[PDB]
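Notes follow once the structure below has been shown.
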Amino acid sequence: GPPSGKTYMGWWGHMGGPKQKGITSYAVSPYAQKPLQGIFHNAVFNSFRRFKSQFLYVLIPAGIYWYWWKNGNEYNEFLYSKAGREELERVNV
Amino acid sequence: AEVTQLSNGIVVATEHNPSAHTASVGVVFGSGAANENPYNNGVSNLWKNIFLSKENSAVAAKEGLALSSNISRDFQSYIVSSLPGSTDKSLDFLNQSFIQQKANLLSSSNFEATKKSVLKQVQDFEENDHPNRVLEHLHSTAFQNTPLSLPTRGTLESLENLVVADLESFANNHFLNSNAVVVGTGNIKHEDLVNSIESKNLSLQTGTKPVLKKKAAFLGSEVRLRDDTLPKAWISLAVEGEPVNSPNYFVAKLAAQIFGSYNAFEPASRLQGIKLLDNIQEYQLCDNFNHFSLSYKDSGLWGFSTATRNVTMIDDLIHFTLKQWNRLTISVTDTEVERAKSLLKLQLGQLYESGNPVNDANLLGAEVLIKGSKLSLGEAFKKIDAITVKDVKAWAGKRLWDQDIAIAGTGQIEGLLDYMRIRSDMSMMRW
């Protein structure tokens, strides 16, 4: 077939990565292993580690936008009451 | 015709082939490179090179002898081959310089030079001998954390901290008399041999070698020392095979001989009776492969070891030879069985009968150490031709269908797909 343009990923055997030497990789068949090894230790401790490291980046913007939405919604519910109709006309024009 | 007699201590085993010339007397111990811990390792190879050193070999060569040694994974041997009229010289040399005092061999000049040469040749073996080192890594990951996992030559990191205290401790703990077998091949008669072992008093020690705590158990594993400097891709996978003195031993050797060994550049090995060579010969998927069947004392391996210059189609070679392995359980014929029967008889005859009387000494010493008496070439041939196709199918369903494999690779092996595909391509869904 037509040999098209080279990319940054080949196939198995010539993957285009750097040449490596001296990196031994030991593994064990799963039939010799126990699956669910340490699911309660890693369910209590490692999940708390990940939640501890990555919750401020999620909860500070969620806190900002939720407080903005709650303040705006309760201001609108204040304005369309009876104690804000002069403020309703003043905000209109 | 292979006679064995137990003396006061030692066991004498001999075979008298009167047409051979060089009679060869030596002692074969039953403590190889799997009877130690991984920290004093290589002390067996160090003992072999101490026995084969310049001092000992000059003393043996001035009298007319030629030393030999062979370290394996449960037996180690020390063989003094000689002329047929001169074997009392062999016996009293092996007495005076190996069995009694070894203070001429074990002082820190000969030991230092021998240790330096052993270090140089072990690192030269580790760098420049690629199929044997991946068979060794296959043994090191198949039986790992268990005493059959050890390198035979020894590793470099556990060889630079060895002194004469290690060698003296090993000679006190494993060079025993309930562990040794003295052998005679060539053309010595049996009774002059034991007459000369019982005239001059020859006994090493009295005790018994320490028994191991952990028996050899297979652990299905994987390893890859991928060095993409190398031009080839040497991988080798193997399952747990049957050990020595097992009833399914000769059917394991026959099932290895079913698939045989191959060499892609010789025009007489490209025409064999293997069904795999119609799959691996249209894109030239490999250069050679050999199906071994090693049987040690406690367990053993069964698999093939290849070399591939076409490093992109490695997984196709693996997949094709594993489908051929599943053909042993499901639909092996009888003409393959009879071809492998005749070829296995030819191979065992080429192994047991040969010109060199030191290989026969090593084989006789091993199979008299483990069994007790040597079974002849006739009884082995009878046990070979008593094998039906259903015995091969039963053994292949026992030890080859969906069993755990262990893989050891080197070279350019990114094209080798990783483990679970190779493990679960040992069992197909019936086509």
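Considering only A:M9, A:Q33, A:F78, the residue lying farthest towards the positive end of the dipole of chain A is A:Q33, judged by Cα position with unit charges set on Cβ.
Tell me, in nm to one decimal, what length is gained between B:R270 and B:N172 on full extension, where the rule is 0.36 nm per residue of separation less the Cα-Cα distance? Mind dumping the intermediate values first?
Numbers: separation 98, 0.36 × 98 = 35.28 nm, distance 5.16 nm.
30.1 nm is the gain from fully extending B:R270 to B:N172.
Between the C-alpha center of the range B:29-59 and that of the range B:167-213 there is a gap of 16 Å. Toward the positive end of the charge dipole of the range B:208-431, about the Cα centre and with charges on Cβ (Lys, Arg +1; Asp, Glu -1), which of B:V389, B:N290, B:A408 goes farthest? My answer, from the dipole projection, is B:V389. Nearest 10 degrees is fine. How inclined is helix B:359-369 to the longest principal axis of chain B, computing both from alpha carbons? With rounding to tens, the tilt is 90 degrees.
For A:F55 and A:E89, the FRET efficiency from 1/(1 + (r/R0)^6), where r spans their Cβ atoms and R0 equals 51 Å, is about 0.70.
In debye, nearest 20, what is the charge dipole magnitude of chain B about its Cα centre with +1 on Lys and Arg Cβ and -1 on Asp and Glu Cβ, if you could check?
The dipole magnitude comes to about 600 debye.
Using R₀ = 30 Å, calculate the FRET efficiency as 1/(1 + (r/R₀)^6) where r is the Cβ-Cβ separation of B:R309 and B:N145; round to 0.05. E(calc), rounded to 0.05, equals 0.30. When the C-alpha to C-alpha distance is required to be over 23 Å, the pairs from B:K54/B:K102; A:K19/B:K232; B:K232/B:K253; B:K275/B:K345; B:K214/B:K323; B:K323/B:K382 that qualify are B:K232/B:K253; B:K214/B:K323; B:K323/B:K382.
Put a dot 7 Å past the Cα of B:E198, heading toward its Cβ, do the same for A:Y8, and the two dots end up 8.3 nm apart. So for the protein assembly as shown, taking the charge dipole from beta-carbon charges (+1 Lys/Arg, -1 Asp/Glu), which of B:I10, B:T114, B:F75 sits furthest toward the positive end? Comparing the listed Cα positions along the dipole, B:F75 ranks first. In chain B, the calculated helix contribution to ellipticity at 222 nm averages -11500 deg cm²/dmol per residue, counting -39,500 (n - 2.57) for every DSSP H run with n ≥ 4. Amide H to amide H, with H built 1.01 Å from N, B:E222 comes under 5 Å of A:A27, B:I407, counting only residues 5 or more places away or on other chains.
Per residue Cα convex hull volume for chain A, in cubic angstrom? Working shown, then result.
On the way: hull volume 35.7 nm³, N = 93.
Per residue, the Cα convex hull of chain A comes to 384 Å³.
Listed peptides B:140-150, B:384-394 appear in the order B:140-150, B:384-394 once ranked by packing, highest mean of other Cβ atoms within 10 Å at the front. Residue ranges B:407-420, B:197-210, A:75-88 sort as B:407-420, B:197-210, A:75-88 when ordered by packing (mean number of other C-beta atoms within 10 Å per residue, highest first). Counted by neighbouring Cβ atoms within 10 Å, the residues B:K48, B:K275 run from fewest to most as B:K275, B:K48. Dipole size of the range B:339-431 about its Cα centre, with +1 on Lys/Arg Cβ and -1 on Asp/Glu Cβ: approximately 480 debye, rounded to the nearest 20.
Mind checking B:214-227 for the average number of partner chain beta-carbons within 10 Å of each residue's beta-carbon? Numbers along the way, then the final one.
Values: counts 0, 0, 0, 0, 1, 3, 7, 5, 5, 4, 5, 5, 7, 5.
Partner-chain Cβ atoms within 10 Å, mean over residues of B:214-227: 3.
The angle between the Cα long axis of helix B:250-259 and the main principal axis of chain B comes to about 50°, on a 0 to 90 degree scale.
Computed on the range B:187-321, the Cα convex hull volume stands at 239 Å³ per residue. As a calculated quantity, the FRET efficiency between A:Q33 and B:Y283 at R0 = 45 Å, using C-beta atoms, amounts to about 0.80. Against the longest alpha carbon principal axis of chain B, how many degrees, from 0 to 90 and to the nearest 10, is the axis of helix B:110-128 turned? Tilt of helix B:110-128: around 10 degrees.
If the segment from B:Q350 to B:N17 were pulled out straight at 0.36 nm per residue, it would be longer than the present Cα-Cα gap by 118.3 nm. Seen through its C-alpha gyration tensor, with square-root eigenvalues sorted a ≥ b ≥ c, the range B:291-332 comes out oblate because a/c lies at 1.5 or above while a/b is not bigger than b/c.
Eigen-decomposition of the gyration tensor built on the alpha-carbon atoms of chain B gives equivalent ellipsoid semi-axes of 39, 26, 19 angstrom, largest listed first. Label-to-label distance, B:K390 versus A:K82, with points set 7 angstrom from Cα along the beta-carbon direction: 10.2 nm. Computed about the Cα centre, the dipole magnitude for the range B:1-121 is approximately 500 debye when only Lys and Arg (+1) and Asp and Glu (-1) carry charge, each at its Cβ. Most tightly packed first, judged by the mean number of other beta-carbon atoms within 10 Å of their residues, the peptides B:92-103, B:128-139 read B:128-139, B:92-103. Per residue of peptide A:20-32, the mean number of Cβ atoms on other chains within 10 Å of the residue Cβ is 6.
So basically every Cβ, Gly included, is an ideal-geometry build from the backbone, and we count neighbours across all protein chains shown. All of the numbers you see were taken from the coordinates with simple rules; none came from a lab.
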